[PDB]
Structures are given as C-alpha cells and as structure tokens.
Amino acid sequence: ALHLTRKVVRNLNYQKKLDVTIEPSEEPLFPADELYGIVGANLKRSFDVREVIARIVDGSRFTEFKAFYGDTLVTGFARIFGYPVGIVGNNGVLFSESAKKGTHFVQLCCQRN
Amino acid sequence: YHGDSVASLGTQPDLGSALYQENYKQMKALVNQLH
Amino acid sequence: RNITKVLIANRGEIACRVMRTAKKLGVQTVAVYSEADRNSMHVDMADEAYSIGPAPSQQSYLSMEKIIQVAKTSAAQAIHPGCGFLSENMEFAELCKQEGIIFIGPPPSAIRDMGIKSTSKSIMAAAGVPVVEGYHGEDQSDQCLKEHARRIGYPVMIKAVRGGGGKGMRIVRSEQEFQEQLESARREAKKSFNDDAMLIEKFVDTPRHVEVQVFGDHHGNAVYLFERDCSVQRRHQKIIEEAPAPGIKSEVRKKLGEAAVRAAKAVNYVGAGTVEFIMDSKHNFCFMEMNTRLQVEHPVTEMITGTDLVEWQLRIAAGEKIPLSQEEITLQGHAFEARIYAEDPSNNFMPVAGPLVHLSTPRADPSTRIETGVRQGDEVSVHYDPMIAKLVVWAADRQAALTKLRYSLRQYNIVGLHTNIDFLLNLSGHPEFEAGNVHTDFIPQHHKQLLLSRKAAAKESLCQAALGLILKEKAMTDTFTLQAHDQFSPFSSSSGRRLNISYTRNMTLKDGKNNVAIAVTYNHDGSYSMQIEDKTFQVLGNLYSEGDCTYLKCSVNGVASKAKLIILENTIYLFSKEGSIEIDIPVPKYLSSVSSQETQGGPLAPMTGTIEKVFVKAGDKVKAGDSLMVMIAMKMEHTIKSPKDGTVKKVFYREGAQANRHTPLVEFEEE
Amino acid sequence: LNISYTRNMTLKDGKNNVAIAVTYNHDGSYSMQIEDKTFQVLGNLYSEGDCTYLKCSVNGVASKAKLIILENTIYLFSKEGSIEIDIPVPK
Amino acid sequence: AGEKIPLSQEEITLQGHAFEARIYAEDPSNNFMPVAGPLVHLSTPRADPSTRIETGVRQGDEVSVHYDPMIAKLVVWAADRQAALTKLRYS
Amino acid sequence: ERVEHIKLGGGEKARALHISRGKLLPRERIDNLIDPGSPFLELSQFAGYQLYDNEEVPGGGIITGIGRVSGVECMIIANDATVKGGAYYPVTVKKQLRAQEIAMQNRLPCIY
Ligand SMILES: O=CCCCC[C@@H]1SC[C@@H]2NC(=O)N[C@@H]21
Numbered sequence: 283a284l285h286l287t288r289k290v291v292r293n294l295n296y297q298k299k300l301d302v303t304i305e306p307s308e309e310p311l312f313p314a315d316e317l318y319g320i321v322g323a324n325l326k327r328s329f330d331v332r333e334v335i336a337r338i339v340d341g342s343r344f345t346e347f348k349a350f351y352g353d354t355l356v357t358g359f360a361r362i363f364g365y366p367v368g369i370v371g372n373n374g375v376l377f378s379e380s381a382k383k384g385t386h387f388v389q390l391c392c393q394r395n
Numbered sequence: 023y024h025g026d027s028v029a030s031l032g033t034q035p036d037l038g039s040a041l042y043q044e045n046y047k048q049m050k051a052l053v054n055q056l057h
Numbered sequence: 047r048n049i050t051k052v053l054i055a056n057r058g059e060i061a062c063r064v065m066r067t068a069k070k071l072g073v074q075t076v077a078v079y080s081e082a083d084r085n086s087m088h089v090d091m092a093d094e095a096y097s098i099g100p101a102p103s104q105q106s107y108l109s110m111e112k113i114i115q116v117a118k119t120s121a122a123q124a125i126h127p128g129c130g131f132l133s134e135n136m137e138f139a140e141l142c143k144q145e146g147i148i149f150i151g152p153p154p155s156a157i158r159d160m161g162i163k164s165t166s167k168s169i170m171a172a173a174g175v176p177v178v179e180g181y182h183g184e185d186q187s188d189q190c191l192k193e194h195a196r197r198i199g200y201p202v203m204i205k206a207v208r209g210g211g212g213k214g215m216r217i218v219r220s221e222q223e224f225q226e227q228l229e230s231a232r233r234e235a236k237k238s239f240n241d242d243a244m245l246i247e248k249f250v251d252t253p254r255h256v257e258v259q260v261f262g263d264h265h266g267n268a269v270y271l272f273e274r275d276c277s278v279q280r281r282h283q284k285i286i287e288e289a290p291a292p293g294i295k296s297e298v299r300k301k302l303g304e305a306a307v308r309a310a311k312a313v314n315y316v317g318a319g320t321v322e323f324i325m326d327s328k329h330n331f332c333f334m335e336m337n338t339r340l341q342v343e344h345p346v347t348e349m350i351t352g353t354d355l356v357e358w359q360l361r362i363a364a365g366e367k368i369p370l371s372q373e374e375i376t377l378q379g380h381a382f383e384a385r386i387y388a389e390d391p392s393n394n395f396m397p398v399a400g401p402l403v404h405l406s407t408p409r410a411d412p413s414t415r416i417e418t419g420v421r422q423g424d425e426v427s428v429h430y431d432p433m434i435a436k437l438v439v440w441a442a443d444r445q446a447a448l449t450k451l452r453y454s455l456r457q458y459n460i461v462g463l464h465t466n467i468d469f470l471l472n473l474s475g476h477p478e479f480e481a482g483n484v485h486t487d488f489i490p491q492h493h494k495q496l497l498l499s500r501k502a503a504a505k506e507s508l509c510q511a512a513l514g515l516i517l518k519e520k521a522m523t524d525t526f527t528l529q530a531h532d533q534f535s536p537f538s539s540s541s542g543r544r545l546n547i548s549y550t551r552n553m554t555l556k557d558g559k560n561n562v563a564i565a566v567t568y569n570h571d572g573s574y575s576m577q578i579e580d581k582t583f584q585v586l587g588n589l590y591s592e593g594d595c596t597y598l599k600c601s602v603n604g605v606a607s608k609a610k611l612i613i614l615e616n617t618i619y620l621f622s623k624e625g626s627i628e629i630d631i632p633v634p635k636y637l638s639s640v641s642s643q644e645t646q647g648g649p650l651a652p653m654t655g656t657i658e659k660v661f662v663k664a665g666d667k668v669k670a671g672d673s674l675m676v677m678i679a680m681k682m683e684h685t686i687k688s689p690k691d692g693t694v695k696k697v698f699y700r701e702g703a704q705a706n707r708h709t710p711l712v713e714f715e716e717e
Numbered sequence: 545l546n547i548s549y550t551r552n553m554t555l556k557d558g559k560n561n562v563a564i565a566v567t568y569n570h571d572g573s574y575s576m577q578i579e580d581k582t583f584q585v586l587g588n589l590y591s592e593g594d595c596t597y598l599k600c601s602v603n604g605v606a607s608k609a610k611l612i613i614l615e616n617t618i619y620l621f622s623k624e625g626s627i628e629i630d631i632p633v634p635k
Numbered sequence: 364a365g366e367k368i369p370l371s372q373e374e375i376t377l378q379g380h381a382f383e384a385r386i387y388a389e390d391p392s393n394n395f396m397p398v399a400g401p402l403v404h405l406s407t408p409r410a411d412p413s414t415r416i417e418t419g420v421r422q423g424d425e426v427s428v429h430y431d432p433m434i435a436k437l438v439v440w441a442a443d444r445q446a447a448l449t450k451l452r453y454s
Numbered sequence: 058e059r060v061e062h063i064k065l066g067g068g069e070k071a072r073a074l075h076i077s078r079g080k081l082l083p084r085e086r087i088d089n090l091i092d093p094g095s096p097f098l099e100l101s102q103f104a105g106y107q108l109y110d111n112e113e114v115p116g117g118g119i120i121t122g123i124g125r126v127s128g129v130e131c132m133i134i135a136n137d138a139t140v141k142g143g144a145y146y147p148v149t150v151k152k153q154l155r156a157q158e159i160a161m162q163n164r165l166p167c168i169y
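Protein chains in written order, with full-length UniProt numbering: chain A, 283 to 395; chain B, 23 to 57; chain C, 47 to 717; chain D, 545 to 635; chain E, 364 to 454; chain F, 58 to 169.
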C-alpha cells in the first residue's frame, strides 16, 4: 500500500514554483548550542535578541531597520536557507515608538512579498 | 525522487502459434495495400 | 618489397595488436569484418575496413576468396594472418603468392611439412631434434601388441579403439599380466562396441611442457628467444604461460634452442616459429611439434627480450635481415601471462556467451599490458573464440611478477558473464605454482583447491554494502535536486533527521541464502550506527569517482578502506584488493510478477547446435531425468533431460535439425 | 507517413555540377543515387581534439576523414587524399 | 658561457636517418609565389620522439608580407632512409 | 526523554498485538512512505500529554507531520491504532483539524 501511495503522488502532475528570490545558503557564524548559555531558563533576566538572530540566519547577516528608534523592538531583513525573511523580535517592553516601528516594517514586507 | 522500480505491461506473443501467423499475414497485406 | 599497406586477415585482440605495430611503422592498415564484427574495435582501429559476409567464420574469416578479393580491392601489398583462421592454411599462403600478395608468415612448404605429425617428426629427427614419443598401435596380434607394450615400457594402458567412458580399458603394470588384461579388455570391448581392436598408447615418465620462440628469415639465418613454460593447461588449453621457464639453466636453454635452431635452418623457415618440447623432471627434452605461426603467448617472450615479434614479422616479410645478432640479444627479469576466458570454472569450464555489462581494467604501465579486443558493452559471440583479454607482467624477479599479476587481477572487473579470473587468482596463489612445480596435469591434480566454494561474508562487508546503498540513494536525491527550482531546501538533504529523536532504519540484505537484518541509525554528525545481531558498528564514508568507476571510501569502527561499488539490478558489487563480495537486495513480492510462470515444460537448448538424437515419440510417458534429445554445439555434447513426470504432448524438432539457443524442444500435456 | 523522403541535392566538383538523390531510410542510413549508381551510406560525426571527424561506410567500405565546412566548400582530409567539394550559391 | 664541448668524438655516434621538410605559404602554381593570409585551420602530425614539428605559427594566426612566409619545419626519424621517407609522407 | 516515551505509543502489549496481525507500526509506515533519508517534520508531539485525568493518550492517538513523498511535500495524518485502539479523543480531532488547516493554507497534499 505504501508503494502504491508513492506512485499515486507521482501522478499528481504538480511542480513547485517559488515566488521569492533565492540566494545560496550559508551556515550561521556562531554555534547554535551557545543559545543554551545565552538564554537560560530564567525569564526575569534579559538577553539581546540579536544574539538569537545571529545564530539562525545565513552567515549571521542582518540589516536592521530603524535601529535607534523604538529600540525595545528589533526588525530587519535576513535570509534562512536562501529564503528572504523579515524578522520581528522583542527586546524589552513595548512602547508607542516600538509599535509604530513594527507597523511600518510589516507594511514593507507585505509590499515586497 | 524518481528511482522507484515499477512493473511493466506487455507479454511476449507466441510467434509459432497459428493464430499469430494468420493475424500477421492478414494485417501485413492490409498495410502493403495501404502503402 | 615496400610494405606501405597491410591487410589483417583476422579479428579481435590480434587484429588490434598487428594494427598497433603497423601504424607505428607508418604502414596503412586494412581490416576485414563479418556482419557480427561491424562495430568491433579492430574495424575502428583500421580506418580502412571491408565486409567479408555473415557471422559464421566458414563464410567470412575462413573464406580465402573474399580475403584475396579485399586485398586486391584495397591494394594491400601484404596480408598478416595473425593466429588461427588462415594463419596455418597452406592453400591460402600459396594463393597469396600466386596473386602477388606478400603472406606475412612462413612459406607454404613449411606450413605443410609441419601440419602432418609423422612428416614433422621425421624432419625433426633428421635435424637432430629428438623424436621420442608414446603412441597407439593399429596392429592387433597379441605378439605385436605385447612387443609394443615392452617398447613403451610398463606400466601401460590397454584401451578399445572404439568407444568412450572407460569401458574396455585395462592397466598393465608388468609383462606377466599383459595377456590376461588384453583378453579382459577385448571381451569388454567386443561386448560393448562389437569391436576387439585395441590401442597401445602410454608415456613412461616425462612430465612438463616447454616451448621455444624461434625466428627465421628468407636468407635462412635462424635465432631463438629463450623459452616459455605452458605446462598449466586445462584440457590442453593453455591458461597461464611464463617466460623464462622456471628451473631451466641458461646453459640448458641455450642447448635446447640450438638443436631447434638447426631444424629451423633445415626447413629454412622464414618468420616466427615455435618448437614445442616435452620436458621431463630431469630436464631431458624431446620435440613434440612446431607451430608454424605466431603463438598466442608471444607477449611473455616480448616482455623478457624487449622485442616486437609482429614488427620483425613485417620486416622479414618485406625482405630485410634479422635486426639483432644472437650476441646482441640479452635477457632481463621474468614475465607471466594469464588468459581471461568467458568460462564458468564451477560448471566444468563451460564457455559462456553474453554482454560485457561492466569491463573495468587495471591501469596499464610498461610492465602491465592489457591485450584487449573487447570494450564495455561488447557481446561475446557463440561463433568466435570466448577469450576476453590476456594479462602479461614483467618484473625483476619471478616472485615479484606473480605478486603484481595477482594485485592487477583484482583490479580487473567483469560483470555480465562468468569468467575464469577467480580461478586464475586461486591458481597463481597455489603453493606448488609459487614454487614453480608445474606439469601438464597440474590443474587435474590440484582441482580440489583451485575450485573454491563461496564463504559467508563478514559483518563489515554487510555494513559497507548498506552504506553503498544509502549513498546511492543520496546521489539519486542530489540528481533530483539538480532539476528543481528550490535548490537549497533542507528537505533535499539526506540527513534522515527527526525532532527530539533519532531515525533508525530497518534494512534487509541477502548474503547467499541468508537474510541479514541491519538496523541503521542516522546520526546528527552524518555518520551511521549499524547493528547486526549483537554487534554495533560506526560507519562513515562517501562516494568519489575515478575515471568512469565509482569508488566507496568508508571507515568501519575506525578501519578505513576503499572499494569499487557497482549496483546492477538487485545485486551490490564491492571490489576491493582484499576480494570481491556480492550482496543481493530483496525484491518486494508485489514488484515480482504475481502468478509467476508455472508448469514450464521445455528445457531450452544450451546453445545453437544440431540435434543428434531424439529419444521421445509424439506421445510418450517420461519421468524426471529421462533423456529427451542429444545436441552437439561447437563440438560439445549436451543431453536434454525430462523436467517433469508429465507425458509428452509434442516434439518441436527432429533429428538433424539445427535448434537455436533457448527455443522450446518438447511440449508437455497440461495436468 | 506511408512514403520515403528523397532529397535532390546538387554539389559541384571542379566545374561539374553533380546531382545526388538521397533517400532517408527508416533505419537511419541514407541511400544515395548519383547517375546510374546507387550507394548505401551510413555515418556519424565524432570529435577528437578540436577537429570534427566523419566516420562513414559507403557500400560497406568504411573510412575516417577530417571534415571542415567553411564558406560554401566542404573539405574532407583523409590519409589517402584531400577532396574539396563546393556547395552551389543561390542567385 | 665558456664551457667545453659536451661530448668527445668517440662518444658521438650516428643512429638511423632523418628528413626535414619546410612548409611554406608559397603557391606552386604561380611559380612558388609567396602568399599572405589568415590560417583559419592549422593541424600537424602528432608530436613524438621520432616526429618533431618546429613551427612559429598557431591556428588563427595571420601570415604577413613583412617577413618570410615559412609556416613550419617538419622532422621525422627512423632506422633507414626509405622507412624515414615513408614516415615523412605519412606525416 | 519524554518524547522517547511518547514514541512507544500504546505500549509493548499493544505493539505486540498490532504486529501480530501483520500490520506495520504507525511510525514505521511513515518511514517507508517518505523519500529515503528525507527529514520528517512532526507536529504537536505532546498533544494529550496529561490532558485527561487517568487516561494516557500518547500524541493524541494520531501522528501528523510534513514529509517528502516522490519529491513532493505532503501532509501525513496517520492514526495510531496502538493507542486506545485508534479511538478519536477530543484532542485527536483538534490535532487532525490543525493538520488539515496547515495543509490547506500551504497547498500540501493530504495523505491519510
Ligand atoms: O573436425 C574438426 C577438428 C576436430 C575433430 C576432427 C576429428 S579428431 C578425430 C579424427 N581425426 C582427424 O584427423 N580428424 C577427425
């Protein structure tokens, strides 16, 4: 039955098509297991979300958007396995500036798909 | 992945069989007439 | 006579061999080919090539008229016959001379004088070369038979002149028992064959075969080229040849050659000749015969002398004198030659026809020569000789040469038909062969050790086979990924990764008749942990390509090794200098034809051959093992036997009919 | 479908126009008739180094030549000889 | 530089026969008139110890009226004069 | 280690009974269905973890995830017959509905 199922799927006449631009993949520049020490299990302590980003994006490359405005929120462009991604991460309490900065960023990503 | 082995149709006809000999002869004449 | 264009009246490796030398010398080359040889390597090797008709050699390569017609049409000044076919045909050599075409070989007189044993022995005896031999006698007087038995010297064998299978044979150890054994043999022969004629052939004690390469010229000057041991033969067929022959002193060989040289001058032989000698355990030698051609095993002579014997044949046929004096000739090192034969040693060395699906070869160096007339994908033919290639090596020492040949044989890979390569590996590693204790009965005497059965594989080999299968799947995944738009998706990896757990795959492999269960665990680092029964192995490796052959580089429990990997149909072939192992991938039942063929009735002809006997009428009750028909193919008798106890519905062939290979012979009533 | 294509092609040897009728056979061979003589020709193009070579059999005789087609001239270089044939230029 | 002759007369020895032929762009039909043109295709016999080709031009080079038009020098070696001549023609 | 326990489904007695009928274990079915060596993204492994007071329902009685079949990403939804005989608990329905929602939003073929 499992062999038959594989044959059925092969006859779906489907081919995947990508709407986004693609670039060659690259591993992050830092080990992922270091996230254990950086983050820990105590939610009262705070850490820089950029450290988490640096260990998951291709080549640890990140273009920050509105870095000095609403600094409690981090937004920027990166790539994961070649796919383009816009990252929004908390770095503190949300403020009016942070919400405005996020709203501006989300419009940018939607415009460019 | 397209490396799966699969079954194939068809069987080898009995060329010696009288039916096959007669059928081949009749169809061949039609094809020659067409040509 | 200026030889600027030569026709090669042969095929396969020997045609390529001659063309190589002709081309180096700047001589234009003309091939001939049958319909079956249209795409053969020698046709390509000679830009000029002509069809000589259908696949049967009697209608193609043995057709003197067609060969002469092509030589005239191509304006070839000379014909090189090679070995076999027309090379020892006196009528063909005289026809070449009548037509003004240079036959590159001995004169028609030398071919005829050597073609008849009694004539050749009489000439050799008159030339000083010894003529002693053990022979059968056609006289049937008890006194005459007894006098001949004394002359041959006891022990002797009495045999019936008619019949086979040991019937009417008696061993006579002394003169006193001769009369009783003769009357016993006669009574049995008369009862079995209605003939009481007895033969008297025996040899008291001369074991081992030695031959000498001799070269002559039109001038009549004659030279020798040391000697070759061809004692390792199966049914007279030479299997391994060596030069020089071991244990023969330089002084003894010099004398051995000189007596042969005088005979060569006596017939003023022109071109290469070989004096075949029988040598005893005391190194006394006697003339057996003279082959009036280039020998198949001439490469072992070339490797120890540094000569090209085909180049000398072309020069001497052009009329030039012998290039080097006997003083100039010098001997360095030792050399060996093994013939690769499309044969099944396990099935009594039956010849096998079929495709060369894989034909990997050892890399060639000046010491290692691959005399190959076939290429991968070539099909061996029922019409022509079954030889696939000949492997020759030269070394400073004979022991080193034996080591090099065995390493080289492992590198040679042949898939698609059975070969004698594993038999040659066992033979070349036999202690008596390593010692140089060879004689003509060597293969019969050591048959038990040379033919080796299969032994169960080690768990490491199974791990390597599983790794090869996994890597083949990974390669297939990469091939699919190449054509996809999502080139870098993590799904295209072959990591077999899971969330918070490890993937363990249950694989089954068949070694011989045994099913082996392997539990493979995909590790995060890319290695594999394989468990077979109670033992665990840490396996890591990759696939790399050298030339056209894929190689598997693996390490099992820290032990690293390299092997050639081929996966054909459901069998995994692993070739390593340690050895070769075949592992079978089980075939799912569903894929196997459901309703598999049943009640099969007709045993198929082993090959295309004449039907010599039919033992079954249109309606006859037969039991399994009842002989139905007898067929002769290339002079080899096969008896067809009843597969079932079913009564015979019909017979598709009658006596004297030629039946094609795998054609139904008998129809059995449905039960 | 149901018929064989015969191409009428003209090549010029020296000052002489030659008409060759080539029938494209189903097997992939070509049957060519020049004047009253019919020739069965089969061939392939293979590359050694930077030179294309033509391996061809005409009436069963097999040969290899280096083929260069430059401008309107076909150049075949063989061990035996070199032949140059011209392709007529349309008005 | 100042070093002595490398080999003594006894050491010098004669082996075989060699022929040298110089290819020229001269056209024999116009009385060996020198010609200057582009070398669209140039090919030579395969190099080996017996066959030595000495050339100053490559395929795609253009011959010029400014200098001598010799295309190349071809050298072949063999045991006897006739065999060397046969190789020269083959080359 | 908690996932390791959930990996065992109903238990040894249930697993032995399941195999005794000639059927493959649910996770072995997925291994054979997807392309050789391809990663499998399992979803909601902890559904039903201590959800019900006295009943243990490893993984909710259903295994869902995304894997590659014949080079195509598909959603695979397999009932775990070793867990309560494959009965549908309230969490089992929710887990399946979540899988279907994922398949529809991403146009992934569904294999049940
Ligand atoms: O016919 C082909 C060669 C081998 C068979 C010939 C047999 S051997 C017994 C008899 N004596 C001969 O000289 N020829 C036939």
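All C-beta atoms in this analysis are idealised placements derived from N, C-alpha and C, irrespective of residue type, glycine included.
Worksheet item: By Cβ distance, which residues of its chain are closer than 7 Å to D:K599, with the 5 residues on each side in sequence left out?
Response: Closer than 7 Å at Cβ, skipping near neighbours: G587, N588, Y590, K608.
Discussion item. Applying the 10 Å Cβ sphere with the 16-neighbour rule, what's the burial state of C:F479?
Written reply: So C:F479 counts as buried.
Worksheet item: With contact counted as at least three CB pairs below 8 Å, one residue from each stretch, are the region 311 to 319 of chain A and the region 108 to 117 of chain F in contact?
Response: With a cut-off of 8 Å, the region 108 to 117 of chain F and the region 311 to 319 of chain A do not count as touching, because too few Cβ pairs lie within range.
Worksheet item: Of the residues that make up the region 78 to 91 of chain F, which ones have a beta carbon closer than 7 Å to any beta carbon in chain A?
Response: Within the region 78 to 91 of chain F, those residues whose Cβ lies closer than 7 Å to any Cβ of chain A are, in chain order, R86, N89, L90.
Discussion item. Using CA atoms only, rank isn't needed, just tell me which of A:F377, A:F359, A:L300, A:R332 is closest to A:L390.
Written reply: Per the Cα distances, A:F359.
Practice prompt. Please check the pair A:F329 and A:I338, which I expect to be a contact at CB under 8 Å, by giving their CB distance rounded to whole angstroms.
Written response: Going by Cβ atoms, the distance from A:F329 to A:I338 rounds to 14 Å, so no, they are not a contact pair.
Discussion item. Can you tell me where the alpha helix (DSSP H) holding C:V116 begins and where it ends?
Written reply: Its alpha helix (DSSP H) spans residues 110 to 119.
Discussion item. Tell me which residue opens and which closes the alpha helix (DSSP H) that A:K382 is part of.
Written reply: Residues 378 to 394.
Practice prompt. Return no unless some Cβ of chain F is closer than 8 Å to the Cβ of C:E624.
Written response: Not one chain F Cβ lies under 8 Å of C:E624.
Practice prompt. Take C:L437 as the anchor and find which of C:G352, C:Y430, C:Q457, C:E425 has the nearest alpha-carbon.
Written response: The shortest C-alpha separation from C:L437 is found at C:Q457.
Practice prompt. Would you identify the three-state DSSP class for E:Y430, choosing helix, strand or coil?
Written response: In the structure shown, the three-state DSSP call for E:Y430 is coil.
Worksheet entry | Coarse secondary structure for B:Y46, derived from DSSP in three states | DSSP places B:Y46 in helix when its eight states are reduced to three.
Fill in: Per-residue contacts from C:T50 into chain E (C-beta, under 8 Å)
Using a Cβ-Cβ cut-off of 8 Å, C:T50 is close to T449 of chain E, given in chain order.
Discussion item. Spatial neighbours of C:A399 within its chain, please: C-beta separation below 6 Å, excluding the five flanking residues on both sides.
Written reply: Around C:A399: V426, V428.
Discussion item. Just to confirm the assignment: which complete beta strand (DSSP E) runs, minimum length 3, are found wholly within the region 288 to 332 of chain C?
Written reply: 317 to 325, all fully within the region 288 to 332 of chain C.
Worksheet item: Per DSSP, what kind of secondary structure is C:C62 in: helix, strand or coil?
Response: The answer is helix: DSSP assigns C:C62 an H, G or I state.
Worksheet item: From C:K163 to C:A173, what distance separates their C-alpha atoms?
Response: So the alpha carbons of these two residues sit roughly 15 Å apart.
Practice prompt. Could you check how far apart the C-beta atoms of C:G211 and C:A235 are, in whole angstroms? I think they sit under 8 Å.
Written response: Not really, about 12 Å apart at Cβ, beyond 8 Å.
Fill in: Residue burial classification, E:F395 (beta-carbon count within 10 angstroms, cutoff 16)
E:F395 is classed as exposed because its beta carbon has fewer than 16 other beta carbons within 10 Å across all chains shown.
Item to complete: Specify whether the region 369 to 381 of chain C and the region 197 to 207 of chain C touch according to this definition: at least 3 beta carbon pairs, one from each stretch, less than 8 Å apart.
Response: They do not touch, by the three-pair rule.
Fill in: Proximity winner among C:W358, C:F131, C:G161, C:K494, relative to C:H476 (alpha-carbon distances)
For C:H476, the closest C-alpha among the options C:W358, C:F131, C:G161, C:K494 is that of C:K494.
Practice prompt. Would you mind listing the alpha helix (DSSP H) stretches within the region 482 to 520 of chain C that are 4+ residues and don't spill past its ends, in chain order?
Written response: Listed in chain order, they are 488 to 491, 493 to 496.
Worksheet item: What does C:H570 touch in chain A if you count any residue whose Cβ is under 8 Å from its own?
Response: Correct list: empty, because the minimum Cβ distance to chain A is about 11 Å.
Discussion item. If I measure Cβ to Cβ from C:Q445 and keep anything under 8 Å in the same chain, skipping five residues before and after, which residues do I get?
Written reply: Residues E480 of the same chain have their beta carbon placed closer than 8 Å to that of C:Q445, with the five preceding and five following residues left out of the count.
Practice prompt. Can you tell me which of the three DSSP states C:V342 falls into?
Written response: Correct three-state label for C:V342: coil.
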